[PDB]
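To keep things clear, I will list the structure first and then write my remarks on it.
The values are calculated or read from the model by the stated rules, or taken from the named source; no laboratory read-out is quoted. Cβ placement follows ideal geometry from the backbone for every residue including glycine, while neighbour counts extend to all protein chains displayed.
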Amino acid sequence: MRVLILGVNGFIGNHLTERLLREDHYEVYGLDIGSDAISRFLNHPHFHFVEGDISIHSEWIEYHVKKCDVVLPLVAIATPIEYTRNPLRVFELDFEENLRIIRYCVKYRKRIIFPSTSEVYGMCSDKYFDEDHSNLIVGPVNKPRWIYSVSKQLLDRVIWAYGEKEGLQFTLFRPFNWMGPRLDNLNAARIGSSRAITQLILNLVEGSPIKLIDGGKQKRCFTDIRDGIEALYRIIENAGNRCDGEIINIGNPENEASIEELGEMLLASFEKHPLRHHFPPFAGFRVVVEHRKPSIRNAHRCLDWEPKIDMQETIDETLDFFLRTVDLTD
Amino acid sequence: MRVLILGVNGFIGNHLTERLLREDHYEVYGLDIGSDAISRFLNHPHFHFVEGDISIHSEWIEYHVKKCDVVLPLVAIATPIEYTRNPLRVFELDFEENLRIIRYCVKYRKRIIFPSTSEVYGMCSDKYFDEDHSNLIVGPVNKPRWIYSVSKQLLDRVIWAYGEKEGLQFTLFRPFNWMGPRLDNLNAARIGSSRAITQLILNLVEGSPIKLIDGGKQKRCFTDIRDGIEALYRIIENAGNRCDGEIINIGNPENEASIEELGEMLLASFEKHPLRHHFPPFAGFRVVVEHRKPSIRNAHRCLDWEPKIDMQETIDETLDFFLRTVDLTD
Amino acid sequence: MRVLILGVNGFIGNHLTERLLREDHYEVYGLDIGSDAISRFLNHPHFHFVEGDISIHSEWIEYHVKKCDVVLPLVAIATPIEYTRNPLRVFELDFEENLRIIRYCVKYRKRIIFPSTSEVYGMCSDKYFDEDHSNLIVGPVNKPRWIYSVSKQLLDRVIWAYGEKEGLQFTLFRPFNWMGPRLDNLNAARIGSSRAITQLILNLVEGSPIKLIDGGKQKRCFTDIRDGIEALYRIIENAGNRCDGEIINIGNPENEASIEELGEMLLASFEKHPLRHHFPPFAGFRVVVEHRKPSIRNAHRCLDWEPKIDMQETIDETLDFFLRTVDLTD
Amino acid sequence: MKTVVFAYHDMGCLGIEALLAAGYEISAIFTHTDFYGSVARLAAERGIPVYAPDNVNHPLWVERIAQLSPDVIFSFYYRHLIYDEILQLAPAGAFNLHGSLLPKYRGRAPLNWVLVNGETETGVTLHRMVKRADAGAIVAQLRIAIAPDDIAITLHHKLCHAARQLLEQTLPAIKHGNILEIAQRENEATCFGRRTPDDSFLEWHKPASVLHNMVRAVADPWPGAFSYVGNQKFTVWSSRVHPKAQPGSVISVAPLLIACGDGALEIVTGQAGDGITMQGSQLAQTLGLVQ
Amino acid sequence: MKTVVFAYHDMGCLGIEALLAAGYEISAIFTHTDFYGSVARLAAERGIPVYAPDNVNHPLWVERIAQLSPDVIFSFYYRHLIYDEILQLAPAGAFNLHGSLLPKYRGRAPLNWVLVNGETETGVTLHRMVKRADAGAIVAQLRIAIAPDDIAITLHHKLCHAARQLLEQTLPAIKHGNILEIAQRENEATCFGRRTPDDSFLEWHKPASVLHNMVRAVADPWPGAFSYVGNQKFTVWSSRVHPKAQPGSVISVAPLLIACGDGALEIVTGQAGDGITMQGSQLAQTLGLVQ
């Protein structure tokens, strides 16, 4: 099984590649423009680094789709300010360039495992966002923050249509704030790591304040990467072909917190940490979609999966690794 | 600053790459079909060898233009006999293939540093050839030697037009007989080294005669590569953006000599050289555009540059290195 | 013999079409975006109107090249102010779009009869501009009026090269101030009618002044369209294949006048004209390349041609027809 | 008395200064992003919050203004519609300072239109803002004469001076309460829209006096009155009217006189295209004109 | 005495007026296309031919100027090189009016650089134009004091006033003939280039007084001194210097005080990005600053 990861040089690429290389029947083709995040797999016999950029290359990516069996496109900009500061580039990369890769899979009859986004639900009023039943709610066109949500949704619909009409084999997945070791940089155009926890950990690391937009009462769910990657690994395995044509939220709905509470949890774990003294004093909380909890019935059904790691162990492990790998001279 | 040198495997590529690698903020991408002339930079962390050929590759060169910030296209045939023996190939390579590279820069909004030629002035009657004021004079269409001069001039005009109409950032430069260590081979399709001094040094090395076409009374200016490359390096630095849209002659107008005098200078330096005895006796002078002196006001103004090396030190250094690196068994 | 005229809706198109339809073995395909100038041939059995525009169409023009035997591309902007006000459009239309048509002829092995321009000689100091021997002289790049001259010249050289290398059958012709009935409008992008006489006749018709740029001492030659079209017709006939690869000035070198003298001749013919009273009083002469006389040896040799109409009869006939067809209500 | 002010340009600056001198508490100033004074700079300097939204007719701004609890609202040359949902927030009402003798010249650019039309007088009016723009009852109106040699900029300074005089006494009067206002008679109203480049185009068939007024109406620093010499645009920066030829034809080139439908217009200074300003005689040569 | 004048800005206007008042015959004025007076408008109004070529160092202009036969040439704030082939056409020489106490502050923007450097004095100098720019012998030099509260615009008006005073007496003196000029001592000269946006960038590690001078040097109508709050640019329009924290850190937000390498700088007024000017306290909130 040849697995093509586009945008391997990051969080998901790292953790997914580790997982697949444990198993004896995977060849991982990791496409990216750099390899610093995964440099320890470069010498692995079943890892294959592929030089590339999905905006520049046509034929090279197309080739690698043909060569491989399953494809995971992880290249996208999901930086909120960018939705308003550089909307066209968000659209071009996240929509147009990924659409080309989708069409390569259709053409060579390959399976695609596509990262949809939890942002597709928008201001959905269900308490549990359900992939198969929840209505998707966005604001008017004069609220440009929604361009990312709606681009990703239209891409889902296009995948769905290729599936219905052209026999594309797909699974869509929606990560909810995955977190752990080897988080993407905040401005890396790679899907997967919780931007909210990376930002907060960064605040503590830099000694900048934690912004609570309107008191930080908006609630989010957070998912350990060990749980998340286990689910994604099962989607790849696709026991019984039970993931075919499915849309699967991957998150831990019991790991719910407002940004305020997430703030306090991180701070507690931080102040307790043996390396805390390398970092500045706490600059403080700064007052400047109200809920986003996944239904995980689809993951229960298709993957026989449920999350095993509590909030506190994921927080602690995520923070610990981040602090330990910070370069203190830079 | 990512500098893309197309045709790096030569004189300018060598000396430019050395210069840029001294500075800590350059990444040099050296594109060519071979690397023997620059093999000592292949292991340098900030040099990147790129396999390529501007007549064969489309997408690969295009990619590297997008990836980089500034582009120096040094691939061209400037061998006079070729202008008449293979005019179509001179036109195709020097004009058509370089025009593609120009259009890549326009498209990805990259800066181009383009080697125009001192041959553009042709039979201009000004004593000092002035980039901004001198008229360009060529012969009728039945004098095909002018195809090179006019191809290069039209390319300048096309660059100029892209600059005016499409916001292309360019600087054009015109080298006047640059010379020093690591001269291009006489039939290498790479711009930069004085074909007149390479030929003469070759005559002495081979024991063939020095041809003085009509007595060799036509006068030329000669420029040490240390002076030339310093100027080109400043064009790259572009302090104050003062090189934007500029055309810059780079030569030493005080290093003027007829071919006859250049002949005698080389011969004197040769006969004095400790390795002269490895080479044949002098076969003699053989009787078989009358002036080509640059104005350098543009280089004075834009680069704060003036040439520092006298005729005799450049002659001596150029000859010395050539002789020392000749393979005496071949 | 199928003759394809691109830009038929004008002066040359009209007079050429009349001439070819007199002969029993021509089928004329007249391509243009309008037909008002040639509407009296639309019903002729051997005239075929073709809808088209050389900047918009690719395949349609290509088709008609394949279908036909000989091609005359007459679409070009030769309005001097345009060389400086809209240089890019002059270049795009006159050079780039005509180059496509040239390459269609090369590809389908068709003969091309191409209107070069008398402007190619530029500031040539020969008294008689000679297609085979005169040097071409233009100003520096900072004198943008020369973009038209040099675009046309490079096109000639490209035609010449296709001829040498690819067996293209061509004849190049250079008209010198052809004039007669049915002059092009001053801003029509169609080659052939003397812009200097059209302007002057327009001055008289409108009651605007005649501009003598620096006293109007620059001398030009003027050619009756009956003489000109006879020559062009013989190039089409190509007796003995004597026009193959030839460049032919078509003008009357004895019809020489400064703009001042041309002015006075027109005015005399005007004041004498029975319809002069429909036009305003003379607004007067207004003081605001010094010679351009063709050698016609090539036309003598290849076409056995020499001009038969004196200055005065061409002036009178040209003016008379213009005045008679002016719409006095508009 | 607390107030929320909408202001721009010199009139905006002097209105703010007058409110401050009259003891009003300015909670916020609404203005616009861009030779005149900057209301934003004046606000920034006086420590008054200042906002420049492109459009305030939205609940976001209604609520922000409501929170400021103005007793009264003033508009001093603000250029956009301030809808009633905002104006009704002020119990004492909203008042606008308009540069004309209302009901004449309601609308845009009254400074320029009164010169275009050759009026011999104009003025400043402070009036209540009602549903219908520029039609509310008049608190006070102060007339100024327009001199034959006034141009837009000199008239502008006179209007600003009149506005200062008017506000100095009326603002304290408003602070004391409602003033018996003077109704505008609709049958006497005239309204003008924003001037387009076409509105400063000189048509030579018109009387020289009318063209002269057009030149005065948009003289520097305004865009200038313009025409064409064939296809060449030129601007007439200053002119003079003179007492038998086709309109638009050149009577003389030094001085440069153009025949009009009636009388002649001397182009004292002007420019060709985007070229520099020069005397008419030089402009004539530049344009290739001859008698 | 006939002259050809190169002029721009307020200095150009006052220099032209002074030449006219001194009886000089101005044959032509060379200026530039664009708060200050327009030399072109003044020329157009006075009926003096005016040209604004981008570059006069070409034979076309040498010949045009030669035909005007100037006895003397004056440069009053013209911004481009006028090469010797032109200047040598005037037998009485060429003179330039420079806004500094030459030989100090030769070059560009002496008005701003003297404030940047905290000079307590500057002045205007009329000097002969020689091969070397701004280095010719001095005809006269008039010093003015720079007050602690002067900013670019107030100093500009003082310099213009000094220039008027200097020219009023020196122009008639030149009309009488050569004046014994005062040589500039090269060893005492300083030269400054055109200011780049980077030259007005506030670096907080510097003394508050130095930053305060930078604010003064480019205050409105100049571009303003600027810095960043992370990735957000802001401009400091006016400031105050105050007598134990990281440089660049916020000491207080009302008033807005920023710790410097030494002392603190109060941002009295400023703006965020291209937003409007506001008081420092409001700017602090706009930028998300806290103590």
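For the stretch B:81-100, state whether one or more residues are facing chain C (nearest Cβ under 10 Å), buried (at least 22 other Cβ atoms within 10 Å of the Cβ) and within 17 Å of the chain's Cα centre (by Cα).
no
Give the residue, chosen from C:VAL71, C:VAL120, C:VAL150, C:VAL141, that is β-branched (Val, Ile, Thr), buried (at least 19 other Cβ atoms within 10 Å of the Cβ) and over 18 Å from the mean Cα position of the chain (by Cα). Outline the logic, then answer.
Numbers: C:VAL71 fails: over 18 Å from the mean Cα position of the chain (by Cα); C:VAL120 fails: over 18 Å from the mean Cα position of the chain (by Cα); C:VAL150 fails: over 18 Å from the mean Cα position of the chain (by Cα).
The match here is C:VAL141.
For residues that are of a type in the set (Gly, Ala, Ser) and buried (at least 20 other Cβ atoms within 10 Å of the Cβ), tally how many sit in the stretch E:11-27.
3
In the stretch B:286-330, what residues are of a type in the set (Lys, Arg), over 20 Å from B:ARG182 (Cβ atoms) and not in a loop (DSSP other than H, G, I, E, B)?
B:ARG286, B:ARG297, B:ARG301, listed by residue number.
When you scan the stretch D:195-291 for strands (runs of 3 or more DSSP E) that lie fully inside it, which ones turn up with 3 or more residues that are within 14 Å of chain E (Cβ to nearest Cβ)?
In the stretch D:195-291, the matching strands (runs of 3 or more DSSP E) lie at D:232-242, D:264-272.
Looking at this structure, is C:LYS110 away from every other protein chain (no Cβ under 14 Å), more than 20 Å from the chain's Cα centre (by Cα) and surrounded by fewer than 16 Cβ atoms within 10 Å (Cβ to Cβ)?
Answer is no for this residue.
For the stretch C:180-285, please list each of the strands (runs of 3 or more DSSP E) lying entirely inside it that holds at least 1 residues being in the same structural domain as C:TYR162 (by CATH) and farther than 19 Å from C:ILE315 by Cβ.
Output list reads C:246-250.
I'd like to verify a number: residues in the stretch B:21-42 that are within 18 Å of B:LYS67 (Cα to Cα) and more than 17 Å from the chain's Cα centre (by Cα), how many?
Number satisfying all stated conditions: 5.
Quick check: is even one residue across the stretch D:183-191 in a strand (DSSP E or B), in contact with a strand residue (DSSP E or B) (Cβ under 8 Å, 6 or more places away or on another chain) and within 22 Å of D:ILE82 (Cβ to Cβ)?
Checked the stretch D:183-191: at least one residue is in a strand (DSSP E or B), in contact with a strand residue (DSSP E or B) (Cβ under 8 Å, 6 or more places away or on another chain) and within 22 Å of D:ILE82 (Cβ to Cβ).
State whether one or more residues within the stretch A:100-110 are in the same structural domain as A:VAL70 (by CATH), within 19 Å of A:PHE222 (Cα to Cα) and touching an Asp or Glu at 6+ places or on another chain (Cβ under 6 Å). Walk me through how you get there before you give the answer.
As a first pass, look at the stretch A:100-110 and keep what is in the same structural domain as A:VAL70 (by CATH): A:100-110.
Filter again for within 19 Å of A:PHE222 (Cα to Cα), leaving none.
No, the conditions are met nowhere in the stretch A:100-110.
State yes or no: is A:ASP36 surrounded by 19 or more Cβ atoms within 10 Å (Cβ to Cβ), among the acidic types (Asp, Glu) and at negative phi?
Numbers: surrounded by 19 or more Cβ atoms within 10 Å (Cβ to Cβ): no; among the acidic types (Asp, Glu): yes; at negative phi: yes.
It is false that A:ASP36 is surrounded by 19 or more Cβ atoms within 10 Å (Cβ to Cβ), among the acidic types (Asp, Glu) and at negative phi.
Identify, by number, the condition in (1) within 15 Å of D:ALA163 (Cβ to Cβ); (2) within 14 Å of chain E (Cβ to nearest Cβ); (3) crowded, with 22+ Cβ neighbours inside 10 Å that D:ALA44 doesn't meet.
With respect to (1) within 15 Å of D:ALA163 (Cβ to Cβ); (2) within 14 Å of chain E (Cβ to nearest Cβ); (3) crowded, with 22+ Cβ neighbours inside 10 Å, D:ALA44 is out only on (1).
Sort out which residues of the stretch E:77-107 are buried (at least 17 other Cβ atoms within 10 Å of the Cβ) and assigned to a helix (DSSP H, G or I), and write them in order of number.
Result: E:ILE86, E:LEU87.
Say whether the condition of being among the charged types (D, E, K, R), away from chain D (no Cβ under 14 Å) and part of a helix (DSSP H, G or I) is met by at least one residue in the stretch E:68-76. Walk me through how you get there before you give the answer.
First, the residues of the stretch E:68-76 that are among the charged types (D, E, K, R): E:71.
Checking the rest, the ones that are also away from chain D (no Cβ under 14 Å) come to E:71.
Filter once more, keeping what is part of a helix (DSSP H, G or I): none.
No - not one qualifying residue is present in the stretch E:68-76.
Considering (1) touching a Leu at 6+ places or on another chain (Cβ under 6 Å); (2) outside any helix (DSSP H, G or I), say which one D:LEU166 fails and leave the rest.
With (1) touching a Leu at 6+ places or on another chain (Cβ under 6 Å); (2) outside any helix (DSSP H, G or I) applied to D:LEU166, the lone miss is (2).
Search the stretch A:41-66 for residues that are facing chain B (nearest Cβ under 10 Å) and pair each with any residue that is part of a helix (DSSP H, G or I) and of a type in the set (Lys, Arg) when their beta-carbon atoms are under 8 Å apart and the residues are at least 6 apart or on different chains.
Cβ pairs passing all conditions: A:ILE56/B:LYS66; A:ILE56/B:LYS67; A:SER58/A:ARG100.
Which one of these is within 25 Å of D:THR33 (Cβ to Cβ) and of a type in the set (A, V, I, L, M, F, W, C): E:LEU283, E:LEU180?
Checking each option against the conditions leaves just E:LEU283.
From the list B:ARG145, B:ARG174, which one is more than 10 Å from chain C (Cβ to nearest Cβ), closer than 18 Å to B:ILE77 by Cα and assigned to a strand (DSSP E or B)?
When all the criteria are applied, what remains is B:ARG174.
Tally the residues that are in contact with a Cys (Cβ under 7 Å, 6 or more places away or on another chain) and within 20 Å of D:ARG108 (Cα to Cα), restricting the search to the stretch D:190-240.
0
Restricting attention to the stretch E:165-207, which residues are surrounded by fewer than 14 Cβ atoms within 10 Å (Cβ to Cβ) and of a type in the set (S, T, N, Q)?
The answer is E:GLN169, E:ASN178, E:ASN187, E:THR196.
Tell me which residues, restricted to the stretch B:220-278, are of a type in the set (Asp, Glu) and in contact with a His (Cβ under 9 Å, 6 or more places away or on another chain). Even if it seems obvious, please write down each step before you answer.
Residues of the stretch B:220-278 that are of a type in the set (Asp, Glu), as a first pass: B:224, B:227, B:230, B:237, B:244, B:246, B:254, B:256, B:260-261, B:264, B:271.
Once the filter is applied, which keeps residues that are of a type in the set (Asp, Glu) and in contact with a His (Cβ under 9 Å, 6 or more places away or on another chain), the stretch B:220-278 yields only B:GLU256.
Select from the stretch E:1-50 the residues that are more than 24 Å from the chain's Cα centre (by Cα), under 18 Å from E:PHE95 (Cβ atoms) and either among the charged types (D, E, K, R) or assigned to a helix (DSSP H, G or I) (or both) and list them in ascending order.
Answer for the stretch E:1-50, where residues must be more than 24 Å from the chain's Cα centre (by Cα), under 18 Å from E:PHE95 (Cβ atoms) and either among the charged types (D, E, K, R) or assigned to a helix (DSSP H, G or I) (or both): E:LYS2, E:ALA21, E:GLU25.
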